[PDB]
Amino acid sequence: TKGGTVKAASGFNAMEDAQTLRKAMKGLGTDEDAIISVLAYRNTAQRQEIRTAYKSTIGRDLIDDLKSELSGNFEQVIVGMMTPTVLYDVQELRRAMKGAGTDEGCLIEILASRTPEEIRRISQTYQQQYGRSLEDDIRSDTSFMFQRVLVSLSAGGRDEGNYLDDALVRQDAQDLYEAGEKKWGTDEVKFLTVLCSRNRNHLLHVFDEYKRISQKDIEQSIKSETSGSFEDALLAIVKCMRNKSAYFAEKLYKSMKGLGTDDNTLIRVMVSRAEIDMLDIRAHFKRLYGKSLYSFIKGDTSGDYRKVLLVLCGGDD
């Protein structure tokens, strides 16, 4: 509703930007501020035009140069910014699954918050890039009910449109209420089938009906009736169906509120949402947490890494 912080620049001159960036890198050292002052003030599409212009104006490769000159978390953010939107998601999913470990939080976040149409583009691109099925990789990297949720989301087969079947909304709400009072454990299949199959309008109506019949929010019941990564995935679906901006505020809060910082999450959220809904994220952050997002980033990061994240945030003093 308020939208993003990062917008398409006016007066955009790709060749001039190419020259600014080369000047920033050429010779010993780097002018990191100059890099920020260009890249954080162009949108992702414009940054692709810079890449093209850099080859033809400078006779070099921009990403290669950035990678050579920069390091650490600042390099990660800048290279992130330079990556086409779909490919960035693809590469984040790959990173989350590569090796014996898994970044489960990353999988949840992307697969719960992207639309089916976005998931299909991601899935296609992952297949083309790696010659691997996204669904098959997810299936390998996760287990049990958590796997069922993530495989379903990755398959991108949720009902679409906004058709409202009042009788089915009622039935679903009742079914979820009963699934929670089954004698020998929650019926987790009912939860995951409703939450993974139904269209958004329908689910928003189920959530309201569930509260009407149970006097409890569906999130409260999820928290008391499920556990583990499976719980976390179901909560992510619900939160994303209600208000994805709020979900991402929560993701940012959790990435910073502890001792230390979940940089991978902070970076991905800030890069991936700066053009979509960062102003809404900021608003919801302030409501939930009574502090500005800006102040959290300022307090938990430093250096050029801080600088660029604060430009992505927008604001604020």
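Residues carry their position along the shown sequence, with the first being 1.
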Comparing 130 to 138 with 173 to 181, the higher average Cα temperature factor in the PDB entry belongs to 173 to 181
For the C-alpha atoms alone, is the average B factor greater in 106 to 114 or in 160 to 168, going by the entry? 160 to 168
Among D31, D262, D64, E49, which carries the highest Cα B-factor? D64
Please work out which residue in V77, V238, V206, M145 has the highest C-alpha B-factor recorded for this crystal structure. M145
Could you say whether, by C-alpha temperature factor, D17 belongs to the lowest, middle or highest third of its chain? lowest
Determine, from the deposited record, the chain-internal third of the Cα B-factor for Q124: lowest, middle or highest. middle
State the tercile, meaning the lowest, middle or highest third, of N199 with respect to the CA B-factors recorded for its chain. middle
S154: which third of its chain by C-alpha temperature factor? middle
Looking at the temperature factor on the CA atom of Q215, which third of the chain's modelled residues does it land in? highest
